[PDB]
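As written, the chain order gives the labels A, B, C, D, E, F, G, H, I, J and K, with residue 1 at the start of each chain.
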Amino acid sequence: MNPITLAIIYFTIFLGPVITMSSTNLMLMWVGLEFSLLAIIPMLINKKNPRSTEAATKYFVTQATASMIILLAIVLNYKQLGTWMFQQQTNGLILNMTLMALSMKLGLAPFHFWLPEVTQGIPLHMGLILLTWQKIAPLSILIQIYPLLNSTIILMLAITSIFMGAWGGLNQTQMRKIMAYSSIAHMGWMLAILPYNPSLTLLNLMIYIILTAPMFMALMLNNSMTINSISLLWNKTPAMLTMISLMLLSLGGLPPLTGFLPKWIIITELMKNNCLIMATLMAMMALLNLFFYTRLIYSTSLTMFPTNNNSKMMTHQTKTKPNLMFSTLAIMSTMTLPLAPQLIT
Amino acid sequence: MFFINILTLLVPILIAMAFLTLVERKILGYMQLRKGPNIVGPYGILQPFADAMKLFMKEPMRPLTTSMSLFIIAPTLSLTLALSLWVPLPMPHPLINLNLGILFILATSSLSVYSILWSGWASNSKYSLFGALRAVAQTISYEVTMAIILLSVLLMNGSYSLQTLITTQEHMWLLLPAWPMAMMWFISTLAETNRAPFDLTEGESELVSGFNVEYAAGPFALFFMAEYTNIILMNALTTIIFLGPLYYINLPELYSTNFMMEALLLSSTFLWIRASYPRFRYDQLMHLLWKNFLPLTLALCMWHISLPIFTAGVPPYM
Amino acid sequence: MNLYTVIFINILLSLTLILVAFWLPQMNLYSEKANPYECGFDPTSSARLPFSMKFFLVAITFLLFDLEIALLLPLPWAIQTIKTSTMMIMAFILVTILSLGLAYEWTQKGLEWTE
Amino acid sequence: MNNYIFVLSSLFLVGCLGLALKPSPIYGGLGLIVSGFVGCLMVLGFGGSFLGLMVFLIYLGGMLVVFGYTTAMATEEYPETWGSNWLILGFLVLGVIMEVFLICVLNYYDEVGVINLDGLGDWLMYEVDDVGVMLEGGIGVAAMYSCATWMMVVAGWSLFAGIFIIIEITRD
Amino acid sequence: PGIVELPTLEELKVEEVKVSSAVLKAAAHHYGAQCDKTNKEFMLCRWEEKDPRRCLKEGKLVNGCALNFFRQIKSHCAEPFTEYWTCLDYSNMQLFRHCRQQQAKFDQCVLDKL
Amino acid sequence: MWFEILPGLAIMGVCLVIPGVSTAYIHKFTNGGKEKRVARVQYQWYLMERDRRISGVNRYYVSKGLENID
Amino acid sequence: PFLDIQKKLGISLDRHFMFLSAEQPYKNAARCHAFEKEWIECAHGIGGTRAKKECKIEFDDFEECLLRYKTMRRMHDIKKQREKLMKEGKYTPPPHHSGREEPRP
Amino acid sequence: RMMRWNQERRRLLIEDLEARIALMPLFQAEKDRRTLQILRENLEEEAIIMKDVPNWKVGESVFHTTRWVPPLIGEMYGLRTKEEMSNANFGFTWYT
Amino acid sequence: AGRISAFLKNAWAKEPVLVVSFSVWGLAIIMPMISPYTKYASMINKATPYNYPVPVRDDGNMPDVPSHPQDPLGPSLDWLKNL
Amino acid sequence: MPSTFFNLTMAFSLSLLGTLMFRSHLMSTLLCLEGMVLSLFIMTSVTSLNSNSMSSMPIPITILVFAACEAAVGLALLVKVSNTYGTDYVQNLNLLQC
Amino acid sequence: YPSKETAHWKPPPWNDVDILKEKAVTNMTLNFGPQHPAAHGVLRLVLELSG
């Protein structure tokens, strides 16, 4: 690489969502989305393998099409009302096109097909940057239009994203695809609670981000790609196992881990708004999510898969783990349930 | 009366470009220690007419491996764009007065490049493909340079019109305030017209005929007419922009005469350049523009941004 | 309406010229005449194969610089503004960052026709 | 002379239909050049000429680089124009017939008033300041230099970052 | 909703100036300096009350003072004003810079008389 | 010698003088002894339309002076 | 979410061109300046559901100004009745509407 | 030389715009009177001869605001001839 | 400095286009900051009257604004006349 | 104006259908993307000119700048695809399914 | 969970790089024939070109 273009690209990656979430003009939100996409593409295609090229191409055409639909919605709103924000009396067709295009930006089902494809064939840190940072700007736009959303389309997208994410993560054995389907399921939960409480989708987004940051960090430590690769972790880094298991259980939503809190409070708000059918279906598919997490836990922690001869040399060498980032986020993402009234806002 | 005005614009321009072919052959001959044509006419003045009649009485010879639609569309497109580009020039009163005259000029020039590209791709031959790709590279380089040059010069001017250029150059030329822009604009007009040194699209030595290698007589004559009309037009645009003719409200005939003299001088300068210099390589043209003219014209564009601000000489809107 | 009439007259003139060129002379068409030229031999390829241009980065840079041109072109109306200090600063910044991009590409050998 | 803008909009629809029908990218760039010229004419008819000429120049440069790339890599031995498959021509004329059918339906259904045959050409330009200087398009694009410096700086940073982005993508 | 009220042809009738734009521009400065009170009254009512239907008397006063100004011009000295406005009418933009001599003669007229 | 190019140069000279001179003369003939009266802005177009309405022959170039006022 | 760094820092990056009746370049208007001004002054301070309820008159006037659906329908009805009367021979247009009028400046 | 000549041209432009300013109120008064005349003749021609349909108000506006709304070009030239409507739509644009 | 002068002289001999471009860039930066005519451009663009000057009401409490264009009050343009 | 805006919206819809329905050519997909861009530019310009929103006239220039940036990135990715395979076929780039 | 519709799949490579060599660049063959002005009347210079 080169430090100058590293600084330019990473600053533009930062600047995109910041402009989107701090700008009150829909045009400036759109140019923030464009900033994020165009800046993150060279970080995706960096290893210059065919898989990286394919992932960059798929991501580019998907996000470009979705952003074009977003800009269509903005221009139609400007035609209808003369302003640059959906105020209160816009067209429901415009709002539904906005929701559909932002769903394809976010990557929730049935627009979810590219997300495991792009997450596969991409290095783990770029998968982390995608699955955490790229989902804040479209969520910021969705939170900005908090009323005047179609709850029917919202709930349909939410339920199909949770269903398809649970099934996909159940099938997959590649770790990056597992993380992508986890992303799809949690985005389904956030979108489900979006029209009733912006605070709860913000809370679920924060819980998901602080939960899947150290999961990706622990994958990044040993460059573990598959279930077998994470299975020979007892020989590589045996101190990782308890935190890995606790974070996987917290992603599953088991009490008393703090990952139970977003699902619990979202179910509470949906009970307050009388959507028991959707809440029950979402909870059962979250149990399916917990099943594929628990199979991962069986592979990596509660059993000891066979190891090979060169792991002796791996034990001979020395390692390095980031301070202030892994352990802090792991503790805050596992043992922060009794601070639930402070976490909800 | 307007159709009569169209005729008195179009027909003299076509006769002027035919005699530009004659003047080019004679000037190149006399710089080559020989004569020009002096047998066909009294002094060779019937030579372009004989050439035109021969080209329009030879068969056009449609080829087999050829996209016929684009193959026919491209030369007619080139000729109509050359005449459309001739439309808005003021001498000192234009046939069609446009507010954004220079923008119209730039758009029409780019569309002429498209005519060359479509001819080269439609005539499904390797030398035609080579000529089309060379045209792509050439127009990349001169397009960016020409846009910056015109931006700085018309920032010294007021609006994007051309009667405003006449009123700006009423007292003094624009060559003295911006002569480096005039030099780079002259080189860019050479590149736009695909003339020597850097023709590179009809390269007789590197290629056989470039993009015209499959065009037989007829549409080939149309391409030649478009090219030479563009030569006279770029020289006319250069003398309107930079070498401002004398304008008096009572009589415009001396303006037309001064414009004629300077346009003839710059056309003869084009033929002079062709006689003098060898050909560039088409990567060397891109390197030359993007490494010498583009930084200098970016700096001079910044200087001409700053100049009316610190001299308080901002031009009027009208 | 006037410009429209002149455009249509020029188009009709070019069409008339090419129609005269196609219907005036005598036609004698056969296969060896209408074969592609290729300097007196049959072409090996089909002239539609990939060409692999060598200045692709320069072409993409040309796209970006053309849009920088589109940004820079409203300057003749921009200099008529009432502020003129923010206008001058903004024009300086725009030209400077365009020049910085060109300089960075030149240093990183972007416009060097990699074969 | 009233339905001139409607004729232009129909031509733009036809050009976008051809671009959607996806010829060889040579003819796709041709269709986009024609559509860009037609949209320029529409903007010029509706008002200021600067925006139309800008989009025309920009798309001329863009389709030129596109032509170079589809000659370089996005080509094949027999580039289909439109007649390699009769389905493409049949679908083009089917879309044209559907366009005529829908505009006839919306003329017959004149309650909403989106398209009216008798009222066409009557509501093109709504209200204009008859006496007035400096009210044409391009003054606002100039006001990007003084009143929307945030728009100017995000566009400039987009182009700068784009230079860095394309160098790093095609670094190889 | 309500019926929009607007005046009739009888109250819209006025003695129009029937004077071309070139002669108007030739006399523009002295017209703008002679009765600027009436014109500014009309502009003040027009910008305060956005309705044009409640400034018709002020508009008729503007027409009246313009007619009086042109009648004074026609009565006192007419031929240098005539040659001045025809020289202005000659050019395509009515530029004052072309015919400053006739402008000087007309200014000498309106300075010696009136 | 070198002056043999002067016939072709003179033909080009007259063919470049003709269009501008003819355009100016045709503008004068069509506009009645005056220039084209170009209208860059809406104010100038309004002046032209007002002149066309004032003249009464639906021609903007027929200038009306002080003879219309008694 | 929606950060408010522009309101916190007091700057206006993109807030002066949010709507039509806002800071035109020289002194111009946007063809519905009065209607949009009345609608915004109605809706300010009570925003959301109350602005949707009890500023419906101002919003309907502004939407009618901007889109002109009712004026189009009224003019179409007038022209349709005129054409029907022309077909039935019961109407002759006046000279000023059809043909030569007396031009006033 | 360009500095001096551009300053002189700025002075000339200020003189021309001041002539325009001095002529502005007369044009404003005549324009308002002509607009009101066209609206009144349209209102009368719609009133007496055009509309005998039972459910129709003649001078009914489409706004509740009961103030002056300036008419559209298609509103004031709608009953006029098609050539006049086309001149009002594309006069300045096509004049080139 | 010797090395700086030698480098600049070598650059002026060998690549006298980048030297000219950087010098012109620096001159265009510096010259507005030292010219005494910089304020005059903004003042000229302010004084150019593209709009009608809308009159104000006479409440009798403002003596600064004039009562007629032929008055000593108001922003006179004698600086532009003598510029 | 409403008829023209309906035509422009239908043109955007056609270009969106072209983007969604692939025919073996990533370049043709990028062409459909830029057709969508052109339709949006014409819609925004016509709306601003009709409403006299001269303050919002920089919006089409902004969307043109960002659209050309995304077209630049797409052309660079197409160059990388062609270097990888040599055919530029969207069905040929498919190996991330497992 | 391999089925009849996915039994032909393979696991991804560990380093996300797989061998996909074609070597089918097909450099353009152009002959400077014995009619080219650059050719000295009589020369068939067959050129393998990469652009």
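Criterion: contacts are C-beta pairs under 8 Å (C-beta built on N, C-alpha and C of every residue); 3 or more make two chains touch, one makes a residue touch a chain.
Chemist: Count how many hops through touching chains it takes, at the least, to reach subunit H starting from subunit F.
Modeler: 1
Chemist: Which pair wins on C-beta contacts, D-G or D-J?
Modeler: The comparison resolves to D-J.
Chemist: Cα centroid separation between subunit E and subunit G, in whole Å?
Modeler: Roughly 33 Å separates the two chain centres.
Chemist: Report, in whole Å, the distance between the mean C-alpha point of subunit I and the mean C-alpha point of subunit K.
Modeler: 61
Chemist: In whole angstrom, how far does the Cα centroid of subunit B sit from the Cα centroid of subunit E?
Modeler: Once rounded, the distance between the two centres reads 49 Å.
Chemist: Between subunit B and subunit K, what is the gap in Å from one C-alpha centre to the other?
Modeler: 40
Chemist: By the touch rule stated above, which residues of subunit I touch at least two different other chains?
Modeler: 25, 28-29, 32, 41, 44-45, 48, 50, 52, 83
Chemist: Can you list every residue of subunit J that touches 2 or more other chains, as numbers and ranges?
Modeler: 2, 12, 26, 50-56, 59, 61-62, 64-66, 68-69, 71-73, 75-80, 82, 84-86, 95, 97
Chemist: Residues of subunit D that touch two or more other chains: which are they?
Modeler: 1, 47, 50, 54, 57-58, 61-62, 65, 68-69, 71-73, 113, 116, 122-136, 138-144, 147-148, 150-152, 154-155, 157-160, 162, 164-167, 169-170, 172, in rising order.
Chemist: Okay, in this complex, where on subunit D does subunit A touch?
Modeler: Per the stated touch rule, the residues are 150, 154, 157-158, 160-162, 164-165, 167-169, 172.
Chemist: Tell me, which parts of subunit J touch subunit A in their complex?
Modeler: 5, 9, 12, 16, 19-20, 26, 29, 33, 36-37, 40, 43-44, 47, 51, 53, 56, 59, 62-63, 66, 69-70, 73-74, 77-78, 80-81, 84-85, 93-97
Chemist: In the complex formed with subunit J, which residues of subunit C make contact?
Modeler: 50, 56, 59-60, 63-64, 66-67, 70-71
Chemist: Provide the residue numbers of subunit I that touch subunit G in the complex, in ascending order.
Modeler: Touch residues, subunit I against subunit G: 50-51.
Chemist: Quick check: in the complex, which residue numbers of subunit G touch subunit H?
Modeler: 34-35, 38, 57, 60-61, 64-65, 68, 70-71, 74-75, 78-79, 81-82, 85, 91, 93-94, 96-99, 104-105
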